[PDB]
Protein chains: 2
Amino acid sequence: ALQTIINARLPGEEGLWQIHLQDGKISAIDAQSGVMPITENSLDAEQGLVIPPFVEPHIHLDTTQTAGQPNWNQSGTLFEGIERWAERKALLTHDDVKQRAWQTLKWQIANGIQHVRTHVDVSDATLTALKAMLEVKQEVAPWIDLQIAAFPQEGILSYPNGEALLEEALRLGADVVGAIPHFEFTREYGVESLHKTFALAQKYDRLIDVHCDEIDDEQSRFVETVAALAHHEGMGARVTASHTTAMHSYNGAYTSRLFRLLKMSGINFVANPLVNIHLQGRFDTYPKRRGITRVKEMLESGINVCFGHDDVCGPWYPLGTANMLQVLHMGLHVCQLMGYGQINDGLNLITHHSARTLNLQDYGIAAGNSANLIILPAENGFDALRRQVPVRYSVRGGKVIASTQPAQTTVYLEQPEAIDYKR
Amino acid sequence: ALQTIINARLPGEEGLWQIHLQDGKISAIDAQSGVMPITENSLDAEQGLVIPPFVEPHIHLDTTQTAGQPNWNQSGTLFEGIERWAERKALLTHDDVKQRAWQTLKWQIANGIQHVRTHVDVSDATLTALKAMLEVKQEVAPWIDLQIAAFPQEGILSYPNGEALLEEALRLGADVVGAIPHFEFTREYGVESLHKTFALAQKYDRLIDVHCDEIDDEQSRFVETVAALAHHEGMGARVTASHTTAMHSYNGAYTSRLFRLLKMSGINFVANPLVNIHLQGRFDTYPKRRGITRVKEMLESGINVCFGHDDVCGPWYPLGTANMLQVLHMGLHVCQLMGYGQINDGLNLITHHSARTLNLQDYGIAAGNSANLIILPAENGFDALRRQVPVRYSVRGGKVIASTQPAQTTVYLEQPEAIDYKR
Ligand SMILES: [Fe+3]
Ligand SMILES: [Fe+3]
């Protein structure tokens, strides 16, 4: 089957491009001087944008599809969400977890997402969801490379056998070590928990992704320990701080001091715009803070930052179709990244930057890489974002794994007219 | 042609419903006890939701489709936007305005919007855009009932001949009298401008819609004058305060006092979530306020509030496809109206509440009303909102004026599977 992608636009490049495929890899990328004809074994991008696959750097596949079960959250807070989740966690079964994880994973495949990092709550002696997710990881592997992050949701030091269970999760095969220092009983447990997390990541050679300062508390500064420990161990690339919503509330002087360390450390940041706008600012009356981390500033400083969906129809977020362009849309608005170039470059926040966060080794439209790429029916990132386009084709190992025939809208004026909303 | 809409769901009602049509009107609405068969002259809603048309209570059709012309905004502020617009206004032609207005109007027809209130800048001795828009109003009338609001963008008292031009606009046929008291040189000009606006509305028997306190200034309280004058004249239904973003920044005590007047006055409020999240909070560093008016509180108090798109690809907002479900999505998130019922009832903010704001006399799925209705391929408001569904059919005077064949997404697993993102 497929030998070429033709008539492709590429972000930050002029003109049209031909992507040659061989043995499941990209063999060569060649500029075109005009439109190429279609032929058998050519997939025509039709002057749409070709990008490496969307990435979901932060989702909770063990909580997905449980919104309102057994009860709703309600106050719309992180803290009530954890309480509601704890009630649902007591009701987990193996098949329950696999079915719900797979439901969301199919939406993700449909949405051109080929790389997903799922957190899985390991504050659970039975490790029910983890055992299920390890099977799901193997099952979905033809379509999605799933990383599993062992997430000690109720604390490492603040939950019975929390450290032991976290380590057990790694011994069972979790790819990433998690932590939640702002949810530990004390600041000292918070800091200690990070030492323990880093020690485990080094013992097992695993990545780190900390739920870090997800709280509107200007004194929640666990991020400095995450970055300092990464710098000390020389392991920045392998380390991620998720959320860091407290950073929205820091004074500017501390933030400036901190940013030097953040860039030196080389650690990654995940913002979760759909969830953060909902859960943050809940303790303000009016005015009410936005509560997303300092994405615009990170980008300006060359600090790697990217966007996750976080929860899809779960205890913290009742909405979602696991759509990364939608996540991006919310983040651009709330972060005021609304300049033409900022919007256009927005795709990086859900592609390349997220690949870096996942420490991916085979990602991007480049000769020698696996032929994993998606085609958006749009002229550039700005257009894709504005029109919230579907993924026309998703290609993995040089084979089509998803396609969307786009909607067709007609208005019946003096004559019928097709409406495509371009611009 | 059409005699019936069958298999219809209706918000806040159980089961399925049949809507009988005669002579361009709804003749009767009858409950069904099961699914009805299709037949010729029946439009099958297919257990989707049937609602009266979407409404756009606040857009600027004279500025639409001009983003970046001749220059970009940039700081992303209201104030720079006005400066950029002033540069574009100097370049207006009759045909320019008509073509751009019509481009956005077609997107609106496609999006099931049958009622639109456009502001038109009348701080312009030539009244170029107004004259063009009055023609557009007549031209689009088969598909959209367009209200024209004379908008003294540069002030009534603060712009040469501002009051005369505003009155000239009414004499030429503008439906609604506008004002912009927070942009007047002084608080006293602000208050005086409102007296003059009310006097004109009473002289000409027109509606009022004030760009009111669109500024992060806790001292911008022109809304109390708008409400008090409406109450005094007994004309609440005819009066709207657009934006009121300053209200996001008021102390709670004043707001409580004010709310009594707001409910007694009976005036309408328009929030513009996509634009407000972008333009407000621009003078904060961190934390940064959201800057939308007190929508949740208004709803809790039974104060009529609704959502507009405001600007579509214009000097204040570079994005948009004139999509009301998208506007609604942003507003629910930023306003934290994220409870299941709050999300589900969200449709009211872009249907019934907006009809009230426009003082519409023939609106809603009721016997005797014009057969103006749209069909969403969704089970209820929550589902429509979550999945950002298109308008399957738009019906006006009992005739189909727009339709969307929805996207078709397939994932190629062990077997091909259709993906619809339900839930
Ligand atoms: Fe999370
Ligand atoms: Fe406006």
# chains A, B, ... in the order shown; residues from 1 in each chain; ligands from 1
call {"tool": "residues_near_ligand", "arguments": {"ligand": "ligand 2", "cutoff": "10 Å", "atoms": "only C-alpha atoms and all ligand atoms", "output": "PyMOL selection string"}}
result
chain B and resi 57-61+63+78+118-121+151+153+180+209-212+214+242-243+270-272+275+308-311+316
call {"tool": "write_last_selection", "arguments": {"atoms": "N, CA, C and O atoms", "output": "short mmCIF file (atom, residue, chain, number, x, y, z; two decimals), in the first residue's frame"}}
result
data_model
loop_
_atom_site.label_atom_id
_atom_site.label_comp_id
_atom_site.auth_asym_id
_atom_site.auth_seq_id
_atom_site.Cartn_x
_atom_site.Cartn_y
_atom_site.Cartn_z
N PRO B 57 -26.95 37.81 19.87
CA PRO B 57 -27.40 39.09 20.42
C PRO B 57 -26.38 40.22 20.34
O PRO B 57 -26.74 41.36 20.61
N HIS B 58 -25.13 39.92 19.97
CA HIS B 58 -24.10 40.96 19.93
C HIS B 58 -22.99 40.60 18.97
O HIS B 58 -22.12 39.79 19.30
N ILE B 59 -23.00 41.23 17.79
CA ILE B 59 -21.88 41.06 16.86
C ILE B 59 -21.63 42.39 16.18
O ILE B 59 -22.51 43.25 16.17
N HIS B 60 -20.43 42.55 15.63
CA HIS B 60 -20.10 43.76 14.88
C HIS B 60 -19.87 43.38 13.44
O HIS B 60 -18.75 43.06 13.04
N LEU B 61 -20.95 43.39 12.65
CA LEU B 61 -20.83 42.99 11.25
C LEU B 61 -20.08 44.00 10.40
O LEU B 61 -19.66 43.67 9.29
N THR B 63 -17.19 45.28 11.38
CA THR B 63 -15.77 44.99 11.64
C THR B 63 -15.36 43.55 11.30
O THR B 63 -14.16 43.20 11.31
N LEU B 78 -9.05 46.14 24.47
CA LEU B 78 -10.19 46.87 23.92
C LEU B 78 -9.69 48.16 23.27
O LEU B 78 -10.06 48.50 22.12
N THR B 118 -26.61 43.25 15.08
CA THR B 118 -25.30 43.81 14.78
C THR B 118 -25.17 45.25 15.24
O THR B 118 -26.06 46.07 15.01
N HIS B 119 -24.07 45.53 15.93
CA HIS B 119 -23.68 46.92 16.19
C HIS B 119 -23.03 47.44 14.94
O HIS B 119 -22.42 46.66 14.19
N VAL B 120 -23.18 48.74 14.68
CA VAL B 120 -22.52 49.39 13.54
C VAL B 120 -22.01 50.73 14.05
O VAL B 120 -22.78 51.51 14.61
N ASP B 121 -20.72 50.96 13.87
CA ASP B 121 -20.07 52.18 14.35
C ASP B 121 -20.62 53.40 13.60
O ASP B 121 -20.53 53.46 12.37
N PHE B 151 -24.03 52.34 17.00
CA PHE B 151 -23.02 52.26 18.05
C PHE B 151 -22.06 53.44 17.94
O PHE B 151 -21.27 53.48 17.02
N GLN B 153 -19.13 54.47 18.66
CA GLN B 153 -17.92 53.81 19.15
C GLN B 153 -16.94 54.75 19.83
O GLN B 153 -16.26 54.36 20.79
N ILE B 180 -21.54 54.16 24.94
CA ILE B 180 -20.27 53.56 25.41
C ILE B 180 -19.71 54.43 26.55
O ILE B 180 -18.67 55.09 26.42
N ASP B 209 -29.15 49.29 23.63
CA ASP B 209 -28.13 48.30 23.97
C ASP B 209 -26.83 49.05 24.16
O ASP B 209 -26.23 49.51 23.20
N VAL B 210 -26.42 49.19 25.42
CA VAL B 210 -25.24 49.98 25.79
C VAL B 210 -24.00 49.10 25.91
O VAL B 210 -24.05 48.07 26.60
N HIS B 211 -22.90 49.48 25.25
CA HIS B 211 -21.59 48.86 25.59
C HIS B 211 -21.25 49.42 26.96
O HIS B 211 -20.84 50.56 27.09
N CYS B 212 -21.43 48.60 28.00
CA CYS B 212 -21.52 49.14 29.35
C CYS B 212 -20.41 48.60 30.25
O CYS B 212 -20.39 47.41 30.55
N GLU B 214 -17.20 48.02 29.84
CA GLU B 214 -16.28 47.01 29.26
C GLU B 214 -14.84 47.40 29.59
O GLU B 214 -14.07 47.85 28.72
N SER B 242 -24.62 45.50 27.47
CA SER B 242 -23.63 44.57 26.93
C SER B 242 -22.32 44.66 27.73
O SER B 242 -21.94 45.75 28.21
N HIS B 243 -21.65 43.51 27.84
CA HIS B 243 -20.33 43.36 28.46
C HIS B 243 -20.37 43.38 29.98
O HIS B 243 -20.24 42.32 30.61
N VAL B 270 -25.77 41.01 28.19
CA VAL B 270 -25.03 40.18 27.24
C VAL B 270 -23.58 40.03 27.73
O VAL B 270 -22.89 41.04 27.97
N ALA B 271 -23.13 38.79 27.87
CA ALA B 271 -21.73 38.50 28.11
C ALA B 271 -21.15 37.98 26.79
O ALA B 271 -21.86 37.35 26.03
N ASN B 272 -19.87 38.25 26.52
CA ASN B 272 -19.24 37.85 25.25
C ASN B 272 -17.97 37.06 25.56
O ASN B 272 -16.86 37.60 25.42
N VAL B 275 -14.49 36.86 23.48
CA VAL B 275 -13.80 38.14 23.45
C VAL B 275 -13.39 38.61 24.84
O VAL B 275 -12.26 39.06 25.02
N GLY B 308 -23.06 36.50 23.50
CA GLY B 308 -22.78 36.88 22.10
C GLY B 308 -21.36 36.50 21.68
O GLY B 308 -20.50 36.26 22.53
N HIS B 309 -21.13 36.46 20.37
CA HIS B 309 -19.78 36.19 19.85
C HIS B 309 -18.95 37.47 19.81
O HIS B 309 -17.72 37.40 19.94
N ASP B 310 -19.64 38.60 19.62
CA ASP B 310 -19.05 39.94 19.65
C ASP B 310 -18.29 40.28 18.35
O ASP B 310 -18.74 41.12 17.56
N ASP B 311 -17.14 39.66 18.13
CA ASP B 311 -16.31 39.97 16.97
C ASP B 311 -15.95 38.63 16.33
O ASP B 311 -15.63 37.66 17.04
N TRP B 316 -10.78 43.00 17.29
CA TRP B 316 -10.69 42.58 18.69
C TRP B 316 -10.52 41.08 18.87
O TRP B 316 -10.08 40.64 19.93
#
call {"tool": "residues_around", "arguments": {"residues": "stretch 246-249 of chain A", "least_positions_apart": "2", "cutoff": "10 Å", "atoms": "only C-alpha atoms", "output": "ChimeraX atom specification"}}
result
/A:182,212-223,243-244,251-252,254-255,280,289-295 /B:285-288
call {"tool": "closest_residue", "arguments": {"among": "A:338, A:97, A:110, A:279", "to": "ligand 1", "atoms": "only C-alpha atoms and all ligand atoms"}}
result
A:279
call {"tool": "residues_around", "arguments": {"residues": "residue B:32", "least_positions_apart": "5", "cutoff": "10 Å", "atoms": "only C-alpha atoms", "output": "PyMOL selection string"}}
result
chain B and resi 6-8+15-18
call {"tool": "write_last_selection", "arguments": {"atoms": "N, CA, C and O atoms", "output": "PDB file, in the first residue's frame"}}
result
ATOM      1  N   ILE B   6     -40.895  15.155  13.281  1.00  0.00           N
ATOM      2  CA  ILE B   6     -41.176  13.978  14.105  1.00  0.00           C
ATOM      3  C   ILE B   6     -39.956  13.542  14.908  1.00  0.00           C
ATOM      4  O   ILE B   6     -38.815  13.897  14.564  1.00  0.00           O
ATOM      5  N   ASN B   7     -40.210  12.777  15.975  1.00  0.00           N
ATOM      6  CA  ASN B   7     -39.152  12.181  16.798  1.00  0.00           C
ATOM      7  C   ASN B   7     -38.247  13.233  17.402  1.00  0.00           C
ATOM      8  O   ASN B   7     -37.040  13.051  17.463  1.00  0.00           O
ATOM      9  N   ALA B   8     -38.866  14.304  17.886  1.00  0.00           N
ATOM     10  CA  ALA B   8     -38.128  15.447  18.424  1.00  0.00           C
ATOM     11  C   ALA B   8     -38.014  15.350  19.933  1.00  0.00           C
ATOM     12  O   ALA B   8     -39.009  15.110  20.617  1.00  0.00           O
ATOM     13  N   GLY B  15     -39.320  12.370  26.836  1.00  0.00           N
ATOM     14  CA  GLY B  15     -39.839  11.679  25.665  1.00  0.00           C
ATOM     15  C   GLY B  15     -39.661  12.377  24.329  1.00  0.00           C
ATOM     16  O   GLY B  15     -38.820  13.277  24.176  1.00  0.00           O
ATOM     17  N   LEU B  16     -40.477  11.951  23.369  1.00  0.00           N
ATOM     18  CA  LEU B  16     -40.408  12.432  21.987  1.00  0.00           C
ATOM     19  C   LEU B  16     -41.679  13.172  21.615  1.00  0.00           C
ATOM     20  O   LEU B  16     -42.754  12.939  22.196  1.00  0.00           O
ATOM     21  N   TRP B  17     -41.545  14.070  20.640  1.00  0.00           N
ATOM     22  CA  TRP B  17     -42.580  15.031  20.320  1.00  0.00           C
ATOM     23  C   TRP B  17     -42.697  15.204  18.826  1.00  0.00           C
ATOM     24  O   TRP B  17     -41.709  15.103  18.095  1.00  0.00           O
ATOM     25  N   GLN B  18     -43.927  15.454  18.393  1.00  0.00           N
ATOM     26  CA  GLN B  18     -44.255  15.720  17.005  1.00  0.00           C
ATOM     27  C   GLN B  18     -44.693  17.178  16.891  1.00  0.00           C
ATOM     28  O   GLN B  18     -45.544  17.645  17.661  1.00  0.00           O
TER      29      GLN B  18
END
call {"tool": "interface_residues", "arguments": {"of": "chain A", "to": "chain B", "cutoff": "7 Å", "atoms": "only C-alpha atoms", "output": "JSON, numbers by chain"}}
result
{"A": [74, 107, 109, 110, 248, 249, 277, 278, 286, 287, 288, 289, 290, 319, 320, 321, 333, 334, 336, 339, 386, 387, 401, 402, 403, 404, 405, 406, 407, 408, 409, 410, 411, 412, 419, 421]}
call {"tool": "decode", "arguments": {"residues": "stretch 374-394 of chain A", "atoms": "N, CA, C and O atoms", "output": "compact mmCIF listing (two decimals), in the first residue's frame"}}
result
# COMPACT_ATOMS: atom_id res chain seq x y z
N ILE A 374 -0.22 12.67 10.80
CA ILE A 374 -1.65 12.90 10.59
C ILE A 374 -1.82 14.05 9.62
O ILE A 374 -0.92 14.87 9.44
N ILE A 375 -2.99 14.10 8.99
CA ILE A 375 -3.30 15.11 7.97
C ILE A 375 -4.52 15.89 8.44
O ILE A 375 -5.57 15.31 8.70
N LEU A 376 -4.36 17.21 8.58
CA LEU A 376 -5.48 18.11 8.94
C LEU A 376 -5.91 18.86 7.70
O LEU A 376 -5.06 19.40 6.99
N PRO A 377 -7.24 18.93 7.46
CA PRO A 377 -7.80 19.64 6.29
C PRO A 377 -7.81 21.15 6.54
O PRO A 377 -8.87 21.77 6.62
N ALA A 378 -6.61 21.73 6.64
CA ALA A 378 -6.42 23.13 7.02
C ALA A 378 -5.10 23.61 6.44
O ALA A 378 -4.19 22.81 6.21
N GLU A 379 -4.98 24.92 6.25
CA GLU A 379 -3.81 25.50 5.59
C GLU A 379 -2.60 25.67 6.49
O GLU A 379 -1.46 25.74 6.00
N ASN A 380 -2.84 25.80 7.79
CA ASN A 380 -1.78 26.03 8.76
C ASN A 380 -2.37 25.85 10.15
O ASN A 380 -3.56 25.54 10.27
N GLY A 381 -1.55 26.02 11.18
CA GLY A 381 -2.03 25.83 12.56
C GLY A 381 -3.15 26.78 12.95
O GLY A 381 -4.08 26.39 13.67
N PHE A 382 -3.07 28.02 12.49
CA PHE A 382 -4.09 29.02 12.83
C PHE A 382 -5.45 28.56 12.29
O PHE A 382 -6.46 28.57 12.99
N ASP A 383 -5.47 28.17 11.02
CA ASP A 383 -6.69 27.72 10.35
C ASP A 383 -7.25 26.45 11.02
O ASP A 383 -8.46 26.35 11.26
N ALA A 384 -6.37 25.50 11.33
CA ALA A 384 -6.78 24.24 11.98
C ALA A 384 -7.45 24.55 13.30
O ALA A 384 -8.49 23.99 13.64
N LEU A 385 -6.81 25.44 14.06
CA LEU A 385 -7.30 25.84 15.38
C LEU A 385 -8.64 26.59 15.25
O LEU A 385 -9.63 26.23 15.89
N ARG A 386 -8.67 27.60 14.38
CA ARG A 386 -9.89 28.41 14.23
C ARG A 386 -11.12 27.57 13.88
O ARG A 386 -12.20 27.74 14.47
N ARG A 387 -10.95 26.67 12.91
CA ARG A 387 -12.07 25.89 12.41
C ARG A 387 -12.28 24.56 13.14
O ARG A 387 -13.25 23.85 12.85
N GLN A 388 -11.42 24.27 14.10
CA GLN A 388 -11.51 23.06 14.94
C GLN A 388 -11.68 21.84 14.04
O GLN A 388 -12.62 21.04 14.21
N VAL A 389 -10.77 21.70 13.09
CA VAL A 389 -10.87 20.66 12.06
C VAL A 389 -10.66 19.26 12.64
O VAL A 389 -9.92 19.09 13.62
N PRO A 390 -11.33 18.26 12.03
CA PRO A 390 -11.05 16.88 12.42
C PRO A 390 -9.75 16.39 11.80
O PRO A 390 -9.11 17.10 11.03
N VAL A 391 -9.35 15.17 12.15
CA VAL A 391 -8.16 14.57 11.55
C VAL A 391 -8.64 13.82 10.31
O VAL A 391 -9.38 12.82 10.40
N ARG A 392 -8.23 14.30 9.14
CA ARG A 392 -8.68 13.69 7.88
C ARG A 392 -8.16 12.25 7.74
O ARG A 392 -8.93 11.34 7.41
N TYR A 393 -6.87 12.08 7.99
CA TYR A 393 -6.22 10.75 8.05
C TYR A 393 -5.22 10.71 9.18
O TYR A 393 -4.48 11.67 9.41
N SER A 394 -5.17 9.56 9.85
CA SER A 394 -4.09 9.25 10.77
C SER A 394 -3.34 8.05 10.23
O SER A 394 -3.95 7.02 9.96
